[PDB]
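The file model33.pdb comes next; it holds PDB, C-alpha atoms and all ligand atoms.
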```
ATOM      1  CA  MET J   1       6.464  -2.669   3.406
ATOM      2  CA  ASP J   2       6.622  -0.798   0.096
ATOM      3  CA  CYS J   3       5.446  -3.145  -2.640
ATOM      4  CA  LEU J   4       3.263  -4.834  -0.014
ATOM      5  CA  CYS J   5       1.652  -1.544   1.073
ATOM      6  CA  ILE J   6       0.749  -1.297  -2.581
ATOM      7  CA  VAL J   7      -0.971  -4.667  -2.300
ATOM      8  CA  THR J   8      -2.653  -3.373   0.860
ATOM      9  CA  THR J   9      -3.588  -0.131  -0.900
ATOM     10  CA  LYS J  10      -5.045  -2.177  -3.711
ATOM     11  CA  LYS J  11      -7.002  -4.282  -1.194
ATOM     12  CA  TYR J  12      -8.254  -1.156   0.566
ATOM     13  CA  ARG J  13      -9.054   0.399  -2.828
ATOM     14  CA  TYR J  14     -10.709  -2.858  -3.899
ATOM     15  CA  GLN J  15     -12.836  -2.982  -0.760
ATOM     16  CA  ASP J  16     -14.581   0.235  -1.832
ATOM     17  CA  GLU J  17     -15.824  -1.713  -4.856
ATOM     18  CA  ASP J  18     -18.662  -3.452  -3.041
ATOM     19  CA  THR J  19     -21.631  -1.230  -2.286
TER
ATOM     20  CA  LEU D   1      -6.110 -15.612  -8.427
ATOM     21  CA  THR D   2      -8.447 -13.462 -10.507
ATOM     22  CA  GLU D   3      -7.075 -12.392 -13.892
ATOM     23  CA  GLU D   4      -8.448  -8.929 -13.230
ATOM     24  CA  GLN D   5      -6.276  -8.658 -10.139
ATOM     25  CA  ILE D   6      -3.267 -10.008 -12.085
ATOM     26  CA  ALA D   7      -3.748  -7.248 -14.663
ATOM     27  CA  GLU D   8      -3.993  -4.728 -11.829
ATOM     28  CA  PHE D   9      -0.817  -5.918 -10.104
ATOM     29  CA  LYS D  10       0.783  -5.620 -13.521
ATOM     30  CA  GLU D  11       0.242  -1.863 -13.181
ATOM     31  CA  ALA D  12       1.833  -1.748  -9.704
ATOM     32  CA  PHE D  13       4.879  -3.705 -10.808
ATOM     33  CA  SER D  14       5.176  -1.234 -13.705
ATOM     34  CA  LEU D  15       5.414   1.702 -11.295
ATOM     35  CA  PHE D  16       7.956   0.186  -8.868
ATOM     36  CA  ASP D  17      10.272  -0.839 -11.715
ATOM     37  CA  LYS D  18      12.173   1.985 -13.405
ATOM     38  CA  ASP D  19      14.892   0.076 -15.257
ATOM     39  CA  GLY D  20      12.937  -2.430 -17.341
ATOM     40  CA  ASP D  21      14.735  -5.377 -15.764
ATOM     41  CA  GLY D  22      11.686  -6.887 -14.110
ATOM     42  CA  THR D  23      12.972  -6.996 -10.551
ATOM     43  CA  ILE D  24      12.275  -4.722  -7.586
ATOM     44  CA  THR D  25      15.404  -3.042  -6.281
ATOM     45  CA  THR D  26      16.140  -0.817  -3.296
ATOM     46  CA  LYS D  27      17.153   2.135  -5.467
ATOM     47  CA  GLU D  28      13.845   2.095  -7.355
ATOM     48  CA  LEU D  29      11.481   1.842  -4.375
ATOM     49  CA  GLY D  30      13.700   4.133  -2.333
ATOM     50  CA  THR D  31      12.953   6.853  -4.847
ATOM     51  CA  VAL D  32       9.171   6.450  -4.296
ATOM     52  CA  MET D  33       9.568   6.228  -0.515
ATOM     53  CA  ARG D  34      11.394   9.527  -0.870
ATOM     54  CA  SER D  35       8.580  11.264  -2.733
ATOM     55  CA  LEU D  36       6.411  10.298   0.234
ATOM     56  CA  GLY D  37       8.000  13.038   2.310
ATOM     57  CA  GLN D  38      10.680  10.964   3.970
ATOM     58  CA  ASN D  39      14.411  10.365   3.686
ATOM     59  CA  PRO D  40      15.693   6.967   4.851
ATOM     60  CA  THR D  41      19.322   5.891   5.100
ATOM     61  CA  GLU D  42      20.946   2.618   3.965
ATOM     62  CA  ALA D  43      19.861   1.070   7.290
ATOM     63  CA  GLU D  44      16.236   2.094   6.843
ATOM     64  CA  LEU D  45      16.178   1.366   3.126
ATOM     65  CA  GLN D  46      17.149  -2.265   3.719
ATOM     66  CA  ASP D  47      14.909  -2.499   6.773
ATOM     67  CA  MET D  48      11.860  -2.002   4.586
ATOM     68  CA  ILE D  49      13.166  -4.573   2.110
ATOM     69  CA  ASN D  50      13.986  -7.105   4.855
ATOM     70  CA  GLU D  51      10.267  -7.135   5.633
ATOM     71  CA  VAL D  52       9.601  -8.688   2.243
ATOM     72  CA  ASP D  53      12.969 -10.407   1.900
ATOM     73  CA  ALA D  54      12.861 -13.968   3.139
ATOM     74  CA  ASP D  55      15.789 -15.436   1.203
ATOM     75  CA  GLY D  56      18.369 -13.223   2.904
ATOM     76  CA  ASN D  57      19.714 -11.290  -0.067
ATOM     77  CA  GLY D  58      18.076  -7.916   0.528
ATOM     78  CA  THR D  59      16.001  -7.578  -2.657
ATOM     79  CA  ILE D  60      12.266  -7.904  -3.446
ATOM     80  CA  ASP D  61      12.340 -10.816  -5.891
ATOM     81  CA  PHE D  62       9.520 -12.813  -7.502
ATOM     82  CA  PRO D  63       9.367 -15.808  -5.029
ATOM     83  CA  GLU D  64       9.012 -13.457  -2.053
ATOM     84  CA  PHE D  65       6.703 -11.214  -4.066
ATOM     85  CA  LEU D  66       4.213 -14.054  -4.541
ATOM     86  CA  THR D  67       4.154 -15.050  -0.885
ATOM     87  CA  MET D  68       4.224 -11.413   0.227
ATOM     88  CA  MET D  69       1.326 -10.597  -2.069
ATOM     89  CA  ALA D  70      -0.700 -13.588  -0.883
ATOM     90  CA  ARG D  71      -0.064 -12.283   2.637
ATOM     91  CA  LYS D  72      -1.966  -9.097   1.756
ATOM     92  CA  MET D  73      -4.353 -10.062  -1.053
ATOM     93  CA  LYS D  74      -6.156 -12.230   1.488
ATOM     94  CA  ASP D  75      -5.054 -10.475   4.663
ATOM     95  CA  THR D  76      -7.715 -10.862   7.325
ATOM     96  CA  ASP D  77      -5.405 -11.504  10.287
ATOM     97  CA  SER D  78      -3.745  -8.127  10.057
ATOM     98  CA  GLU D  79      -1.013  -7.889  12.675
ATOM     99  CA  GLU D  80       1.825  -5.697  11.426
ATOM    100  CA  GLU D  81       0.032  -5.344   8.082
ATOM    101  CA  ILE D  82      -2.285  -2.677   9.554
ATOM    102  CA  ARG D  83       0.706  -0.550  10.463
ATOM    103  CA  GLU D  84       2.374  -0.969   7.040
ATOM    104  CA  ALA D  85      -0.451   0.550   5.019
ATOM    105  CA  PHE D  86      -1.210   2.888   7.903
ATOM    106  CA  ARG D  87       2.280   4.355   7.785
ATOM    107  CA  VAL D  88       2.056   4.667   4.012
ATOM    108  CA  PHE D  89      -1.319   6.449   4.090
ATOM    109  CA  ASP D  90      -0.762   8.408   7.316
ATOM    110  CA  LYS D  91       2.001  10.818   6.366
ATOM    111  CA  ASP D  92       1.535  13.163   9.328
ATOM    112  CA  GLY D  93       1.858  10.322  11.820
ATOM    113  CA  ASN D  94      -1.233  11.313  13.758
ATOM    114  CA  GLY D  95      -3.049   8.026  13.223
ATOM    115  CA  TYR D  96      -5.915   9.418  11.110
ATOM    116  CA  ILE D  97      -6.017   9.138   7.302
ATOM    117  CA  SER D  98      -7.974  11.615   5.144
ATOM    118  CA  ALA D  99      -8.344  13.033   1.588
ATOM    119  CA  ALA D 100      -5.395  15.078   2.694
ATOM    120  CA  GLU D 101      -2.680  12.461   2.846
ATOM    121  CA  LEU D 102      -4.550   9.867   0.756
ATOM    122  CA  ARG D 103      -4.603  12.230  -2.230
ATOM    123  CA  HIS D 104      -0.829  12.589  -2.044
ATOM    124  CA  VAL D 105      -0.220   8.824  -1.922
ATOM    125  CA  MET D 106      -2.749   8.097  -4.691
ATOM    126  CA  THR D 107      -0.993  10.597  -6.942
ATOM    127  CA  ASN D 108       2.466   9.433  -5.863
ATOM    128  CA  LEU D 109       1.702   5.877  -6.924
ATOM    129  CA  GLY D 110       0.043   7.102 -10.112
ATOM    130  CA  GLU D 111      -3.356   5.438  -9.766
ATOM    131  CA  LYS D 112      -6.427   6.516 -11.745
ATOM    132  CA  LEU D 113      -8.042   8.569  -8.979
ATOM    133  CA  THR D 114      -8.945  12.237  -9.049
ATOM    134  CA  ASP D 115      -9.501  14.546  -6.076
ATOM    135  CA  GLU D 116     -13.195  13.643  -6.065
ATOM    136  CA  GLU D 117     -12.341   9.932  -6.218
ATOM    137  CA  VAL D 118     -10.193  10.304  -3.113
ATOM    138  CA  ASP D 119     -13.049  11.765  -1.051
ATOM    139  CA  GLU D 120     -15.444   9.111  -2.294
ATOM    140  CA  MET D 121     -13.111   6.235  -1.472
ATOM    141  CA  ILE D 122     -12.367   7.814   1.927
ATOM    142  CA  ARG D 123     -15.989   7.198   2.937
ATOM    143  CA  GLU D 124     -15.541   3.435   2.591
ATOM    144  CA  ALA D 125     -13.948   3.055   6.004
ATOM    145  CA  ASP D 126     -15.302   6.355   7.297
ATOM    146  CA  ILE D 127     -18.235   5.264   9.423
ATOM    147  CA  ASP D 128     -18.745   8.397  11.504
ATOM    148  CA  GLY D 129     -18.234  10.526   8.434
ATOM    149  CA  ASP D 130     -15.608  12.748   9.987
ATOM    150  CA  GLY D 131     -13.506  12.841   6.844
ATOM    151  CA  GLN D 132     -10.864  10.602   8.323
ATOM    152  CA  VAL D 133     -10.153   6.917   8.716
ATOM    153  CA  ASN D 134      -8.903   5.889  12.155
ATOM    154  CA  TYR D 135      -7.217   2.670  13.234
ATOM    155  CA  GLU D 136     -10.539   1.135  14.340
ATOM    156  CA  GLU D 137     -12.208   2.019  11.044
ATOM    157  CA  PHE D 138      -9.244   0.624   9.093
ATOM    158  CA  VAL D 139      -9.159  -2.619  11.116
ATOM    159  CA  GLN D 140     -12.859  -3.288  10.587
ATOM    160  CA  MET D 141     -12.301  -2.654   6.873
ATOM    161  CA  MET D 142      -9.103  -4.596   6.156
ATOM    162  CA  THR D 143      -9.481  -7.410   8.668
ATOM    163  CA  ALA D 144     -13.269  -7.550   8.457
TER
HETATM  164 CA    CA J 201      13.956  -2.950 -11.727
HETATM  165 CA    CA J 202      14.981 -11.579  -1.648
HETATM  166 CA    CA J 203      -2.988  11.656   9.220
HETATM  167 CA    CA J 204     -13.980   8.306  10.400
END
```
Would you write out, as structure tokens, the structure that this file holds?
Amino acid sequence: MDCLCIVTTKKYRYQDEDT
Amino acid sequence: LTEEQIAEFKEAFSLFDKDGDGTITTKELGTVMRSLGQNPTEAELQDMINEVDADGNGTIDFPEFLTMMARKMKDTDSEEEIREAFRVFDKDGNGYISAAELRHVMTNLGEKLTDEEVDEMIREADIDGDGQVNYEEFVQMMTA
């Protein structure tokens, strides 16, 4: 939920780092 | 797990913790969930925790943190996961994220992103280039 949405936010913010 | 990621998660853990004990509590996270423009009661505050809590104590500990993290770090079967991050990014509750709400969350967490970084990132899932990220765009980005 909270700490996990952070992990999701990091994934989403890590997905930008591609192209 | 990549060391780079480990060092990154180190930052996250550093923002959730505000006592220097090394454990995630309800009082600490509750404070952040408050700065998000919401006010949850004891029932809601534990409800969020229960999502991560698997031992049955009502606290985000390390064992659950590892499994919970693995559940997102490699999430590609997003079921409720989509909604989690969607409800954290979508503050208005309209179902469309933008540099509007994203900026607030990025600053609330304390990440290294400026206003221009928010707009740039926003175009990662923004296919139509409308300035917003919808459910479909988010699904094809997180799950795919
Ligand atoms: Ca703590
Ligand atoms: Ca627990
Ligand atoms: Ca919205
Ligand atoms: Ca869009």
- Message: Can you pull out every residue with an atom within 9 Å of ligand CA 201 (chain J)? Use all atoms listed in the file and format it as a list in words.
- Response: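 Listed by chain and ascending number, the contacts are residues 16, 17, 18, 19, 20, 21, 22, 23, 24, 25, 26, 27 and 28 of chain D.
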- Compute the set of protein, DNA and RNA residues whose minimum atom distance to ligand CA 203 (chain J) is at most 7 Å, using only C-alpha atoms and all ligand atoms, and state it as JSON, numbers by chain. {"D": [90, 91, 92, 93, 94, 95, 96, 97, 98, 101]}
- Message: Counting all atoms listed in the file, I want the residues whose atoms come within 12 Å of (3.4, 7.0, 4.6) in the file frame, returned as a ChimeraX atom specification.
- Response: /J:1-2,5-6,9 /D:32-39,83-97,101-106,108-109
- Message: With the PyMOL selection byres (((chain D and resi 133) around 9) and not hetatm) as the selection, what would be picked from this file? Answer as a list in words, please.
- Response: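 Taken on the displayed file, the PyMOL selection byres (((chain D and resi 133) around 9) and not hetatm) yields the residues residues 95, 96, 97, 98, 122, 123, 124, 125, 126, 127, 129, 130, 131, 132, 134, 135, 136, 137 and 138 of chain D.
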Mind dumping the selected residues with C-alpha atoms as a CSV table (one decimal), in the coordinates of the input?
```
chain,number,residue,atom,x,y,z
D,95,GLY,CA,-3.0,8.0,13.2
D,96,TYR,CA,-5.9,9.4,11.1
D,97,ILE,CA,-6.0,9.1,7.3
D,98,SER,CA,-8.0,11.6,5.1
D,122,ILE,CA,-12.4,7.8,1.9
D,123,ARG,CA,-16.0,7.2,2.9
D,124,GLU,CA,-15.5,3.4,2.6
D,125,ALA,CA,-13.9,3.1,6.0
D,126,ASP,CA,-15.3,6.4,7.3
D,127,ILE,CA,-18.2,5.3,9.4
D,129,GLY,CA,-18.2,10.5,8.4
D,130,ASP,CA,-15.6,12.7,10.0
D,131,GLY,CA,-13.5,12.8,6.8
D,132,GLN,CA,-10.9,10.6,8.3
D,134,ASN,CA,-8.9,5.9,12.2
D,135,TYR,CA,-7.2,2.7,13.2
D,136,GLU,CA,-10.5,1.1,14.3
D,137,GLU,CA,-12.2,2.0,11.0
D,138,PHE,CA,-9.2,0.6,9.1
```
- Message: Using only C-alpha atoms, I'd like every residue of chain D that has an atom within 8 Å of chain J; please write them out as a VMD selection string.
- Response: chain D and resid 9 12 16 29 33 48 to 49 51 to 52 68 to 69 72 to 73 81 84 to 85 88 121 124 141 to 142
- List all protein, DNA and RNA residues that have at least one atom no more than 8 Å from any atom of ligand CA 202 (chain J), counting all atoms listed in the file, and write them as a PyMOL selection string. chain D and resi 50+52-61+63-64
File dump, residues just selected, C-alpha atoms, as a JSON list (two decimals), in the coordinates of the input:
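What follows is the written file part.json:
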```json
[["chain", "number", "residue", "atom", "x", "y", "z"],
["D", 50, "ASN", "CA", 13.99, -7.10, 4.86],
["D", 52, "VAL", "CA", 9.60, -8.69, 2.24],
["D", 53, "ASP", "CA", 12.97, -10.41, 1.90],
["D", 54, "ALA", "CA", 12.86, -13.97, 3.14],
["D", 55, "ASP", "CA", 15.79, -15.44, 1.20],
["D", 56, "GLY", "CA", 18.37, -13.22, 2.90],
["D", 57, "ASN", "CA", 19.71, -11.29, -0.07],
["D", 58, "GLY", "CA", 18.08, -7.92, 0.53],
["D", 59, "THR", "CA", 16.00, -7.58, -2.66],
["D", 60, "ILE", "CA", 12.27, -7.90, -3.45],
["D", 61, "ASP", "CA", 12.34, -10.82, -5.89],
["D", 63, "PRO", "CA", 9.37, -15.81, -5.03],
["D", 64, "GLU", "CA", 9.01, -13.46, -2.05]]
```
- Message: Would you compute the distance between atom CA of residue 144 of chain D and atom CA of residue 70 of chain D? Give it in Å to one decimal.
- Response: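 Distance reported for this atom pair: 16.8 Å.
Coordinates place atom CA of residue 11 of chain D at a distance of 17.5 Å from atom CA of residue 31 of chain D.
Using all atoms listed in the file, the shortest contact distance between ligand CA 204 (chain J) and any of D:80, D:115, D:128, D:3 is found at D:128.
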- note - atom CA of residue 7 of chain D and atom CA of residue 45 of chain D are separated by 28.1 Å
Step by step, gather every atom of segment 105-108 of chain D that the file lists, find the box along x, y and z that holds them, add 6 Å on each side, and finally give centre and edge lengths in Å to one decimal, as AutoDock Vina command-line options.
```
--center_x -0.1 --center_y 9.3 --center_z -4.4 --size_x 17.2 --size_y 14.5 --size_z 17.0
```
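Using all atoms listed in the file for every distance, the candidate list D:8, D:79, D:44, D:119 yields D:119 as the residue closest to ligand CA 204 (chain J).
Among the candidates D:6, D:82, D:15, D:139, the residue lying nearest to ligand CA 204 (chain J) is D:139 (atoms considered: only C-alpha atoms and all ligand atoms).
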Would you mind exporting chain J with C-alpha atoms, as an mmCIF file, in the first residue's frame?
```
data_model
loop_
_atom_site.group_PDB
_atom_site.id
_atom_site.type_symbol
_atom_site.label_atom_id
_atom_site.label_comp_id
_atom_site.auth_asym_id
_atom_site.auth_seq_id
_atom_site.Cartn_x
_atom_site.Cartn_y
_atom_site.Cartn_z
ATOM 1 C CA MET J 1 0.000 0.000 0.000
ATOM 2 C CA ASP J 2 2.313 2.742 1.268
ATOM 3 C CA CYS J 3 5.856 1.389 1.266
ATOM 4 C CA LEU J 4 4.819 -0.838 -1.646
ATOM 5 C CA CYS J 5 3.453 2.094 -3.681
ATOM 6 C CA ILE J 6 6.936 3.464 -3.206
ATOM 7 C CA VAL J 7 8.309 0.289 -4.765
ATOM 8 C CA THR J 8 5.730 0.716 -7.533
ATOM 9 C CA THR J 9 6.655 4.388 -7.903
ATOM 10 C CA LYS J 10 10.275 3.363 -8.152
ATOM 11 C CA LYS J 11 9.377 0.756 -10.797
ATOM 12 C CA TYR J 12 7.337 3.309 -12.735
ATOM 13 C CA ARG J 13 10.162 5.842 -12.315
ATOM 14 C CA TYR J 14 12.674 3.167 -13.328
ATOM 15 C CA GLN J 15 10.697 2.279 -16.441
ATOM 16 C CA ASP J 16 11.312 5.783 -17.814
ATOM 17 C CA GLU J 17 15.013 4.899 -17.791
ATOM 18 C CA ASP J 18 14.943 2.909 -21.017
ATOM 19 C CA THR J 19 14.678 5.015 -24.150
#
```
